[PDB]
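In the block that follows, a single chain appears as structure tokens, in the form deposited in one PDB entry.
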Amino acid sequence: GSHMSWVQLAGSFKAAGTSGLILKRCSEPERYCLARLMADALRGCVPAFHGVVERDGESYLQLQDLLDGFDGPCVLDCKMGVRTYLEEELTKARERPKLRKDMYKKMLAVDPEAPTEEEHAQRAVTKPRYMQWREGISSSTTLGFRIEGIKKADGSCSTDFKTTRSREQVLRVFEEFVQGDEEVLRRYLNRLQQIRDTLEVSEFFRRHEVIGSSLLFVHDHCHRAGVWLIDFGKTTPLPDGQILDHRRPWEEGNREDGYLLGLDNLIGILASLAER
């Protein structure tokens, strides 16, 4: 039905006036991206963007609610890329680090030996360091994506995936998510194949570094299934008509995100699951 229904039953999102719409807090990178995307090959692969509206003296993107077509939708959010932070974050952590004490606590929680003697003494870490560690204990570094969360229309949710890393561990999460619905799985794979084809010819995609974006998988008990790209908050245009291949390894300076390495691996896992 609607994402705000799930928010209620379960805060960067707000109920929209119009049926089948949702409001997301406006950010300049994301607004720029969605405007370009409505004119791009990737138009059909992203939520419809209708413009910006003011609500309580605040800027919101008016988006298609992707859950609107579904009867009690199941949702899985997959963070795409081998890298999950911008290169400019490495620069700022070198010249002027913002010691994040929150990121220290989670890291200790998951691995006590993970922080350095100095990080322990600071009780704090830089964002890039926290983000790189998260990439290595999840599937991000090796497969180029990670499962972030599953939501169900009752209000039910799990984000308990920070150590889901192996190909088989990831397959077992998708196995449990689709619950033996062969039609949903087939529809997911058909949609991902058609998304890969669109990305490989997209003018937007070859000209932009896509960091921190997700693939949202949505299905219901009527076997309806959809996948969309979301979250263009960290998607930045390359300078002077430079382009990325989105498969080759990331080395500081080359701005590569491994986005299609992730999608290739994600398609392979779903095709493997379909043959079980």
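Start at 1 with the first residue shown and count on from there. So that the term is clear: the rigid core is the largest set of C-alpha atoms that superpose within 1.5 Å between two forms.
Notebook entry, point to check: For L261, does the count of other compared entries lacking it reach at least a third?
Noted result: No; none of the other entries leave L261 out.
Item checked: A10 dropped in a third or more of the other entries -> Missing in at least a third of the others, so yes.
Note to self: Counting only residues that lack coordinates, how big is the gap in the deposited sequence between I267 and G268? Pick none, 1 to 3, 4 to 9 or 10 or more.
What the structure shows: The entry has no unmodelled residues between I267 and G268.
Next item on the list: Would you tell me which stretch averages the higher CA B-factor in the PDB entry, 241-249 or 205-213?
Entry: Stretch with the greater average CA B-factor: 241-249.
Next item on the list: May I ask you to compare 120-128 and 96-104 by their mean CA B factor in the entry and name the higher one?
Entry: Per the PDB record, 96-104.
Item checked: Which of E176, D181, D197, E113 ranks first by CA B-factor in the deposited coordinates -> It is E113.
Notebook entry, point to check: Taking the values straight from the PDB record, which of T164, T141, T84, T91 has the highest C-alpha temperature factor?
Noted result: Highest C-alpha B-factor among the listed residues goes to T91.
Check: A35: which third of its chain by C-alpha temperature factor?
Finding: Tercile = middle for this residue's CA B-factor.
Checklist line | Chain-wide C-alpha B factor ranking for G155, given as lowest, middle or highest third | finding: Its C-alpha B-factor belongs to the highest third of this chain's values.
Notebook entry, point to check: For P29, does the deposited CA B-factor place it in the lowest, middle or highest third of the chain?
Noted result: Middle third by C-alpha B-factor.
Check: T235's Cα B-factor: lowest, middle or highest third of the chain?
Finding: Middle third by C-alpha B-factor.
Margin query: By the recorded C-alpha temperature factor, relative to the other modelled residues in its chain, which third is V53 in?
Written below: Highest third.
Same protein, other form: the form deposited in another entry, not shown, and the subject of what follows.
Check: Which of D154, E117, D160, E88 has its C-alpha displaced by 2 Å or more between this form and the one not shown after core superposition?
Finding: Result of the comparison: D154.
Next item on the list: Relative to what we see here, could you say if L23 and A153 have their Cα atoms closer or farther apart in that other deposited form, with a change of 3 Å or more?
Entry: So the answer is farther.
Next item on the list: Compare the CA separation of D154 and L23 in that other deposited form with the one in the displayed structure, and answer closer or farther (the difference is at least 3 Å).
Entry: Note: Cα gap between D154 and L23 widens in that other deposited form.
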